[PDB]
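In what follows, chains carry the letters A, B, and so on, assigned in the order in which the sequence lines appear, proteins first and then strands, with residues in each chain numbered from 1.
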Amino acid sequence: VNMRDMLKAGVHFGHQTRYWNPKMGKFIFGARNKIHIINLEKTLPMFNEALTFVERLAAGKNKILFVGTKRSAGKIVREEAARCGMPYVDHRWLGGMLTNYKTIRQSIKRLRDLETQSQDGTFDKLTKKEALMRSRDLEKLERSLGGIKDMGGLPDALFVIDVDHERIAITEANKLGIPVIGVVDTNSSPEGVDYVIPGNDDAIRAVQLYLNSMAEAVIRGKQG
RNA sequence: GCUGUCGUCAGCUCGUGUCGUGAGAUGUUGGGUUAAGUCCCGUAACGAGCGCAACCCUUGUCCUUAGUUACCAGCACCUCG
Ligand SMILES: [Mg+2]
Ligand SMILES: [Mg+2]
Ligand SMILES: [Mg+2]
Ligand SMILES: [Mg+2]
Ligand SMILES: [Mg+2]
């Protein structure tokens, strides 16, 4: 908002200049002291475009999936996708979560009924020898499948925090053919992302800026 | 039908997904660890089956029930078994 919250924290920064993607050359305002700088005055209209798109998609009972698996960004998306509904992923993305949803449906069922088992009133009233194993399986399943426990159907649109690190999700999203929102850094590619956000990554303040923007956008959208 | 052998070695495969024009490949590679494809972590793979392990028999400790044809600590007799 108003070119100052983003200009303050970390948004006007890039990944040096040695590792830059030619297709970002149109978004570079300059390279001060060997580091690329993003043209924020161009980011604002498309940032607001993404905000208004997700806001108008909120009304209509559509589900928006968030992807944030990264160092120091998983917990932010975990807590921030909390409330306002919507699923998320907070740890390693599983290959085939979209193109092979039938298989992961079984894992979802296993997670649900094992959660019921371990929280039925302490069903495991027996030796801890295999109860520890059961709890370990529970936490292992949670750590990768907690965010998508709901949403029996495929998401109508998807949100990304970084496109280089999780290219696989975007690839299979285009293969399924659904809209995608992505934060494209200076060493990334606009290929496969529909609504581009030429923002910044690896800076925390920027990432909660992005995710709060999205979350209160969907809040003001789904009110009806 | 039954049996030997590699070999009681730890391997051999499938569904769905993905990569390749295809034969095919990933799963099943990698860092550790284990008797073991055993387990953990990572990881375009996610799961499953036959194997490994476990359930069977026996051996080593104790407890309950049992005391004849088995036993003899105590009591007595004893021809001293
Ligand atoms: Mg093909
Ligand atoms: Mg193979
Ligand atoms: Mg093999
Ligand atoms: Mg096994
Ligand atoms: Mg065996």
Side-chain angles (χ1 to χ4, degrees), chain A residues 15 19 21-23 62-81 85-120 122-127 130-185 187-197 201-202 204 207:
Chain A
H15 299 290
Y19 314 124
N21 177 301
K23 302 185 50 53
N62 297 302
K63 298 197 164 68
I64 301 299
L65 194 146
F66 306 147
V67 185
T69 187
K70 207 164 171 64
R71 178 70 275 172
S72 83
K75 65 179 73 175
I76 288 173
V77 70
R78 191 173 91 254
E79 61 86 20
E80 179 52 3
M86 296 327 87
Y88 67 96
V89 287
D90 52 7
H91 298 81
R92 155 178 178 259
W93 177 281
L94 304 193
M97 293 177 70
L98 285 186
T99 59
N100 198 13
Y101 192 60
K102 300 289 94 175
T103 300
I104 295 89
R105 190 74 69 88
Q106 316 305 112
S107 189
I108 284 299
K109 188 201 290 176
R110 185 179 296 113
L111 183 63
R112 291 176 66 89
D113 63 358
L114 200 154
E115 182 65 26
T116 293
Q117 278 290 288
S118 65
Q119 271 78 25
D120 82 329
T122 75
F123 184 80
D124 55 356
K125 282 169 295 300
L126 59 86
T127 175
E130 62 86 20
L132 187 151
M133 183 278 288
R134 193 167 303 264
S135 71
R136 185 177 65 247
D137 291 331
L138 182 63
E139 61 86 20
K140 183 176 180 182
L141 266 55
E142 293 293 328
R143 204 159 83 267
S144 283
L145 277 297
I148 68 156
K149 182 197 305 291
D150 189 358
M151 60 82 71
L154 286 161
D156 281 305
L158 188 153
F159 183 84
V160 189
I161 209 164
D162 185 295
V163 298
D164 288 326
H165 191 232
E166 310 65 14
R167 176 62 50 186
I168 294 190
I170 302 162
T171 300
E172 65 183 1
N174 302 93
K175 268 186 73 85
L176 272 190
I178 67 180
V180 59
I181 321 295
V183 176
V184 179
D185 214 334
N187 68 343
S188 310
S189 296
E191 183 178 1
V193 62
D194 291 331
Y195 292 165
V196 193
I197 310 172
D201 293 322
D202 291 331
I204 300 98
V207 299

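- The phosphate of B/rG47 (OP1 or OP2) has a side-chain N or O of A/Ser107 nearer than 4.0 angstrom.
- With a ring-centre distance below 5.5 Å and an interplanar angle below 30°, B/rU18 is stacked on B/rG17.
- In this entry the distance linking CG of A/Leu132 with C1' of B/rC39 reads 13 Å, nearest Å.
- Both A/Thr171 and A/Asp137 sit near RNA chain B, but only A/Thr171 has its closest nucleotide nearer the 5' end.
- OP1 or OP2 of B/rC40 has at least one side-chain nitrogen or oxygen of A/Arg136 nearer than 4.0 Å.
- Using a cut-off of 5.5 angstrom for ring-centre distance and 30 degrees for interplanar angle, B/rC62 is classed as stacked on B/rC63.
- In this model, the phosphate group of B/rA44 is approached by a side-chain N or O of A/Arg92 to a distance below 4.0 Å at OP1 or OP2.
- Across B/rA66 and B/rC55, the matching P atoms stand 32 Å from one another, rounded to whole Å.
- Annotated as stacked: the bases of B/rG42 and B/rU43, by the 5.5 Å centre and 30° plane rule.
- Adjacent nucleotides B/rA44 and B/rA45 miss the stacking criterion of ring centres closer than 5.5 angstrom and planes inclined by less than 30 degrees.
- Residue A/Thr103 places its side chain closer to B/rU16 than to any other of B/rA44, B/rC41, B/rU16.
- Put simply, A/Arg110 has a side-chain N or O that comes within less than 4.0 Å of OP1 or OP2 on B/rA48.
- In this structure, A/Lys140 contributes its side chain and A/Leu138 its backbone to no donor-acceptor pair below 3.5 Å.
- Distances were taken from every side-chain heavy atom of A/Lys175 (C-beta onward) to each of B/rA44, B/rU16, B/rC19; the shortest belongs to B/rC19.
- Nearest nucleotide to the side chain of A/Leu94, out of B/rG42, B/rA44, B/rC46: B/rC46.
- Between A/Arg167 and the phosphate of B/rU18, there is no side-chain N or O to OP1/OP2 separation shorter than 4.0 Å.
- As rounded to the nearest Å, B/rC56 and B/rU13 have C1' atoms that lie 29 Å from one another.
- A/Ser188 pairs in a side chain to side chain contact (heavy atoms under 4.5 Å, CB included) with only one of the listed residues (A/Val196, A/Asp201, A/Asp164), which is A/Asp164.
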